[PDB]
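See structure below.
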Amino acid sequence: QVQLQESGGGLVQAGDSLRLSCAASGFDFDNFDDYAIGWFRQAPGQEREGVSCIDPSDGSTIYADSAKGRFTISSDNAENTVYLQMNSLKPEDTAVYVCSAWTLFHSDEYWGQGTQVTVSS
Amino acid sequence: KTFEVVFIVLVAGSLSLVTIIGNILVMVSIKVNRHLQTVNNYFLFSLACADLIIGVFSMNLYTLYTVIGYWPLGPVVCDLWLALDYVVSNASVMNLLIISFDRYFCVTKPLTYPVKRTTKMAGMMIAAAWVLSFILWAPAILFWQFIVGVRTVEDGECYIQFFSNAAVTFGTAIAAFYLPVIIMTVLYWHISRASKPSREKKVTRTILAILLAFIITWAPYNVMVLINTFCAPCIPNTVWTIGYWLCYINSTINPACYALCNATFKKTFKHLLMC
Ligand SMILES: Cc1c(Cl)c(OCC(=O)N2CCN(C)CC2)nc2sc(C(=O)NC3CC3)c(N)c12
Ligand SMILES: C[N+](C)(C)CC#CCOC1=NOCC1
Numbered sequence: 001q002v003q004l005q006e007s008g009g010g011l012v013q014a015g016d017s018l019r020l021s022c023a024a025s026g027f028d029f030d031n032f033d034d035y036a037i038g039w040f041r042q043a044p045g046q047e048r049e050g051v052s053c054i055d056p057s058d059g060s061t062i063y064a065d066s067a068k069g070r071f072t073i074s075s076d077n078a079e080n081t082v083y084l085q086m087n088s089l090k091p092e093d094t095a096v097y098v099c100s101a102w103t104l105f106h107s108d109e110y111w112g113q114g115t116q117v118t119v120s121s
Numbered sequence: 019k020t021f022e023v024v025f026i027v028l029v030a031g032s033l034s035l036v037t038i039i040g041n042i043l044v045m046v047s048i049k050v051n052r053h054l055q056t057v058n059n060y061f062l063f064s065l066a067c068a069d070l071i072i073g074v075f076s077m078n079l080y081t082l083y084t085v086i087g088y089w090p091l092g093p094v095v096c097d098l099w100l101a102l103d104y105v106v107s108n109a110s111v112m113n114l115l116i117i118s119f120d121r122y123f124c125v126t127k128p129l130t131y132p133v134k135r136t137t138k139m140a141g142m143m144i145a146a147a148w149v150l151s152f153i154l155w156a157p158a159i160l161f162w163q164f165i166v167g168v169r170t171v172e173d174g175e176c177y178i179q180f181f182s183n184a185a186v187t188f189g190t191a192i193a194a195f196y197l198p199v200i201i202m203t204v205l206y207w208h209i210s211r212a213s214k379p380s381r382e383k384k385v386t387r388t389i390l391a392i393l394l395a396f397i398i399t400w401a402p403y404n405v406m407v408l409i410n411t412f413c414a415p416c417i418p419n420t421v422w423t424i425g426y427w428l429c430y431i432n433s434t435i436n437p438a439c440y441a442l443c444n445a446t447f448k449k450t451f452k453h454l455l456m457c
């Protein structure tokens, strides 16, 4: 079907910032417009909690109560690729960041491979 | 008259056939394609099961009932068939209801609920639907003759006895249709009003398709049940047949408003049919 690959994974000291980018491959019939995309972080042995999600068709941003004020998400509708930039990070944000996409009502839901983001200090 | 009976059995029979074929396709497509194996589709699986049961047993036996002019099979299998039919139909409606709930929760808390909700919960809710359906309908159907002291059901006809008294009729009918449809409509209203224009026209579109389906199918019989409960000679048999069939076809259009309304499902479907 479609594979979602991520980028930006790397090391950063406390206070710095990063830009994780999720790209989705070509899809048949279904329009990237018809998909809502969210970022999920998975910490060692911790549950797969949701950080934020964006609806590209509407431009509506829905953030989680934990990462509100620091994290900012958007996309390029023509390029079919989303960008999540996180600022003022903490060592608590060390987790594998994967990219999910759900068609409305949670049919055609997809999960990616994920990139490692480790914060020092 | 010589060609009429065969025409009836062809229309009804082929309708039932399309029902079971379609739902079998739903189940098979969900098992075969891992990509559509989400928690939201487990409810569609259960729904497809109930609609399969309705499609194979209820439709054919009622086709027989209507095509012969009476119910020959006997009182035992009469009570059995009616119990089964009512229980699995109520199960279908409760499944639609639980789907409505699930979709509501997925919409409102878009990041917490989808992760917090597990497959075990889905199985629990499905089991709850089937159990509540069974409890609401089955004991009241078979054991009504034992309580009253007589089987009110005629020798030729095969209907449910407790509809002769309205007090139980209403209580069951609202718990099967009216209350659930109220809940569905109101929380779907919450979904449409709170969620969202291409993004927004479509929501109202799908919700309308679903609700209009459920209503145009289930409402006739449920109000016909209320009409007949007041006066005995008031309702004929042709319109009754119409109502019953209108209730049946919902289990035929379910894959269209839930499964095939999504894009991938039909594409999956094609390969099964296209070998
Ligand atoms: C659900 C139901 C009920 Cl509750 C019902 O009422 C029974 C009744 O109260 N009486 C009393 C007065 N008598 C003259 C007649 C029997 N009668 C029918 S007939 C039919 C069907 O499916 N008829 C098909 C053959 C056309 C039903 N589903 C049905
Ligand atoms: C409608 N039919 C008599 C064919 C089967 C049944 C049943 C009981 O539950 C429900 N009635 O309407 C809504 C669900």
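These protein sequence lines are chains B and A, in that order. Start counting the first sequence at 1; every next residue gets the next number (the authors' numbering). Residue numbers for the second sequence, in the authors' numbering: 19 to 214, 379 to 457. The beta-carbon is built from N, C-alpha and C at its ideal position, and this holds for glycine as well.
1. So the alpha helix (DSSP H) A/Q163 belongs to, where does it begin and stop?
2. Would you decide whether B/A43 is buried or exposed? Buried here means 16 or more other CB atoms lie within 10 Å of its CB.
3. Just to confirm, does A/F180 get its C-beta within under 6 Å of one of the non-hydrogen atoms of ligand 3?
4. Tell me the rounded alpha-carbon separation between A/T137 and A/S118.
5. Using DSSP's beta-bridge definition, name the partner residues of B/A101.
6. Residues of chain A with CB closer than 7 Å to the CB of B/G38, please, in chain order.
7. Tell me whether B/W39, by its Cβ, gets closer than 6 Å to a heavy atom of ligand 1.
8. Three or more C-beta pairs under 8 Å: does that hold for the stretch 77 to 86 of chain A against the stretch 23 to 35 of chain A?
9. For residue 122 of chain B, tell me which candidate among A/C96, A/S433 and A/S213 has the shortest Cα-Cα distance.
10. The beta strand (DSSP E) spanning B/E49 covers which residue range?
11. In terms of DSSP beta bridges, what is B/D76 paired with?
12. How would you label B/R41, buried or exposed, when you count the other beta carbons within 10 angstroms and need 16 or more for buried?
13. According to DSSP, which residues form a beta bridge with B/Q42?
14. At the level of alpha carbons, what is the spacing between A/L150 and A/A68?
15. How about B/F71 and B/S52: are their beta carbons less than 7 Å apart?
16. Using a threshold of 7 Å, state whether the C-beta atoms of A/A147 and A/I116 are closer than that.
17. Using the Cβ count rule (16 or more neighbours within 10 Å means buried), how would you classify A/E22?
18. If I'm right that B/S57 touches A/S380 with Cβ under 8 Å, what's the distance once you round it to whole angstroms?
19. For my contact list, A/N59 and B/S107 are in at a C-beta cut-off of 8 Å; report their separation, rounded to the angstrom.
20. Would you tell me roughly how many angstroms separate the C-alpha atoms of A/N183 and A/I201, rounded to the nearest one?
21. Can you check whether the C-beta of B/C22 is within less than 7 Å of a C-beta belonging to chain A?
22. Where does the unbroken beta strand (DSSP E) through B/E6 begin, and where does it stop?
23. Hey, is A/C124's beta-carbon within less than 7 Å of any beta-carbon in chain B?
24. Does the beta-carbon of A/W207 have 16 or more other beta-carbons within 10 angstroms, so that it is buried, or is it exposed?
25. For A/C176, does the three-state DSSP call read helix, strand or coil?
26. Beta carbon of B/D58: closer than 6 Å to some heavy atom of ligand 2?
27. If you follow the alpha helix (DSSP H) that A/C67 is in, where does it begin and where does it stop?
28. In terms of residues, what are the limits of the beta strand (DSSP E) holding B/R19?
29. Could you tell me whether the Cβ of B/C99 comes closer than 7 Å to any Cβ of chain A?
30. How many Å lie between A/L454 and B/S120 at the Cα?
31. Note down the Cα distance separating A/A401 from A/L33, rounded to an integer number of angstroms.
32. Tell me whether A/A414, by its Cβ, gets closer than 6 Å to a heavy atom of ligand 1.
33. Which stretch, first to last residue, makes up the beta strand (DSSP E) that contains B/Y63?
34. For B/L20 versus B/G38, is the C-beta spacing smaller than 7 Å?
35. CB-CB under 6 Å to B/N77, same chain, minus the five flanking residues each way: which ones, in chain order?
Reading off the structure:
1. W162 to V166
2. exposed
3. Ligand 3 is absent from the structure shown, which contains only ligand 1 and ligand 2.
4. 17 Å
5. B/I37 and B/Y110
6. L129
7. no
8. yes
9. Because residue 122 of chain B is not part of the residues shown, which for chain B are 1 to 121, the question remains open.
10. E49 to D55
11. B/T81
12. buried
13. B/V96
14. 14 Å
15. yes
16. yes
17. exposed
18. 6 Å
19. 7 Å
20. 27 Å
21. no
22. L4 to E6
23. yes
24. exposed
25. coil
26. no
27. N58 to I71
28. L18 to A24
29. no
30. 53 Å
31. 20 Å
32. yes
33. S60 to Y63
34. no
35. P56
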